[PDB]
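# Chains, contacts and geometry: an overview
For reference, the chains in residue letters:
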Amino acid sequence: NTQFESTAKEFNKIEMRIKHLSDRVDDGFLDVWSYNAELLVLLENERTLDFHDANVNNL
Amino acid sequence: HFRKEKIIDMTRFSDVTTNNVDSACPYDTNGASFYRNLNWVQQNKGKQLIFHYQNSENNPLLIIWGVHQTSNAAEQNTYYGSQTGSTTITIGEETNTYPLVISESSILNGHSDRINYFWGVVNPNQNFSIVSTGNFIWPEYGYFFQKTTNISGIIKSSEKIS
Amino acid sequence: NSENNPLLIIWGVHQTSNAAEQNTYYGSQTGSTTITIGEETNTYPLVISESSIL
Ligand SMILES: *[C@@H]1O[C@H](CO)[C@@H](O[C@@H]2O[C@H](CO)[C@@H](O[C@@H]3O[C@H](CO[C@H]4O[C@H](CO)[C@@H](O)[C@H](O)[C@@H]4O)[C@@H](O)[C@H](O[C@H]4O[C@H](CO)[C@@H](O)[C@H](O)[C@@H]4O)[C@@H]3O)[C@H](O)[C@H]2NC(C)=O)[C@H](O)[C@H]1NC(C)=O
Ligand SMILES: *[C@@H]1O[C@H](CO)[C@@H](O[C@@H]2O[C@H](CO)[C@@H](O)[C@H](O)[C@H]2NC(C)=O)[C@H](O)[C@H]1NC(C)=O
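Each chain has its residues counted from 1 in the order its sequence is written, and this count may differ from the entry's own numbering; any residue lacking coordinates is left out. The lettering of chains begins at A and the numbering of ligands begins at 1, in the order of writing. Bear in mind the chains here are only a fraction of a larger assembly, and the values reflect that fraction. Values reported for side chains reflect all heavy atoms of the structure, with hydrogen atoms and water molecules removed beforehand.

Structure determination for this PDB entry was carried out by X-ray crystallography, with a resolution of 2.60 Å recorded in the header.

Per the PDB entry, the recorded name for chain C is Hemagglutinin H18-HA1, and the organism is Influenza A virus.

Taking the PDB entry as the reference, chain B is identified by name as Hemagglutinin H18-HA1 belonging to Influenza A virus.

With that settled, the discussion passes to the interface of chain B and chain C. One widely used convention gives an interface's size as the accessible area the parts lose upon coming together. Facing the 5 residues of chain B at the interface are 5 residues of chain C. Summed over both sides, the interface between chain B and chain C buries roughly 320 Å², with carbon and sulfur atoms accounting for 48% of that surface. We define buried area as the total accessible area lost by two parts upon association, computed with a 1.4 Å probe and summed across both. The three residues of chain B that bury the most area against chain C are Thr90, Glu93 and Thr95 of chain B, which together make up 69% of that side's buried surface. By convention in these notes, a salt bridge is any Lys or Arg side-chain nitrogen within 4 Å of a carboxyl oxygen on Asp or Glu. Remark: the boundary between chain B and chain C carries 0 salt bridges. Two N or O atoms count as a polar contact when they lie within 3.5 Å, although within protein this holds only if one can serve as hydrogen donor and the other as acceptor, and sequence-adjacent residues are included solely when both atoms are side-chain atoms. In this assembly, chain B and chain C are joined by 0 residue pairs in polar contact. The contact criterion used throughout is that any non-hydrogen atoms of two residues lie within 4.5 Å.

Moving on, we come to helix α1 (residues 73–80) of chain B. Residue and element names in this part refer to chain B. Among the residues of α1, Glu75, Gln76, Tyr79 and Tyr80 are the ones counted as buried. Viewed along the axis of α1, the buried residues span an arc of 100 degrees, placing them on a single side of the element. When the buried face of α1 is taken as reference, the exposed residues oriented beyond 90 degrees from it are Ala74 and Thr78. Along its buried surface, α1 packs onto β2 (38–40), β4 (61–69) and β9 (136–139). One side-chain oxygen at the N-terminal end of α1 lies 3.2 Å from the backbone nitrogen of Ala74; it belongs to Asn72. Numbered from the N terminus, helices here are DSSP runs of H or I no shorter than four residues, and strands are runs of E no shorter than two. Phi for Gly81, located one or two positions after α1, is positive at around 65 degrees. Buried, partly exposed and exposed residues are distinguished by accessible area as a fraction of the type maximum, computed with a 1.4 Å probe on protein chains only: under 20%, between the cut-offs, and over 50%, respectively. By construction, the arc corresponds to the directions joining the helix axis to the C-beta atoms.

For ligand 1, the full set of nearby residues is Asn1, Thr2, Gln3 and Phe4 of chain A together with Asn150 of chain B. The environment around ligand 1 is built from residues contributed by chains A and B. Here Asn150 of chain B contributes a side-chain N or O atom positioned 2.4 Å from an oxygen atom of ligand 1. Burial of ligand 1 by the protein chains amounts to 15% of its free accessible area of 1100 Å². Think of it this way: one heavy atom of a residue within 4 Å of a molecule or strand is enough to make that residue near it. All accessible areas in this document rest on Shrake-Rupley with a 1.4 Å probe, and a residue is counted as covered only by the protein chains that are shown.

Written out as structure tokens, the structure reads:
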């Protein structure tokens, strides 16, 4: 459940440092979401296969 | 919500010329025209013009104006007939003062002079006023608009809306 | 500042309405202040201009 996404990330010509701050802010969230998404899928996939094994063993 | 409206009756200013044009802004045909919402006023002759307005609408008003930076004394004299021309526009409690500036710039679109554009927002039941002795492009038209909380931005593309 | 703590100072610059108001308050069509803190220089030249009355 996400907040409204915006594309307004433009600053004037003499504010390139502020643009760089915006650029690295999005880089930080890109790294956070990518790493968490990768390990979420890897962890859940291993647990899902274990879930089927437990169900088979329980029968 | 977004409405263009007429905000200033330019005919009420005397001893001055309005609706001035230039060949740098042609029609679709060709020739000399100017921005629809911005009224170029010339030949103030040093005289001072006063205007007042109240936003009695239930929406904030967006107004855009311009300040003329002439190239030299001769160009200033031809357009306005005086080596003066300064505008103070007040929106609510902010004061914006644009003193006369005379300076050459590199020629773009046949212009060594410049018209620099500014804007402001007049909230409902708030006022704005203009005091000008020349070198001003008036906000004859403005947009009444309704803000939304979720800000989107601008999509840069050559495609058409499907 | 010979104290062992930094000092905060606040000042103001007067923008008069016209030549008459400038003459009444200061008796001269001049009045400019340069305040230097360390190696920064802050210069406030005289400005005379009407504003809306508040
Ligand atoms: C600006 O941008 C924000 C973010 O996108 C928008 O805010 C979202 O608005 C929507 C719709 O108004 C919100 O979605 C609604 O959430 C309600 C609350 O959900 C919680 O509680 C219910 C139980 O009551 C749980 O089931 C649910 O999982 C949550 O825990 C729901 O009650 C709403 O249900 C509606 O949709 C269902 C079908 O999906 C229908 O069956 C219902 O009858 C009902 O119509 C709905 O899901 C969302 O939560 C908001 N998110 C945020 C972050 O604010 C703004 O709307 C947007 N502004 C504009 C003008 O567009
Ligand atoms: C905005 O402009 C209006 C109109 O000039 C101001 O209201 C008027 O004030 C005079 C007194 O100076 C009254 O006689 C009028 O009756 C008022 N008109 C209305 C419609 O109320 C108003 O004060 C201005 N707003 C600000 C903040 O200065």
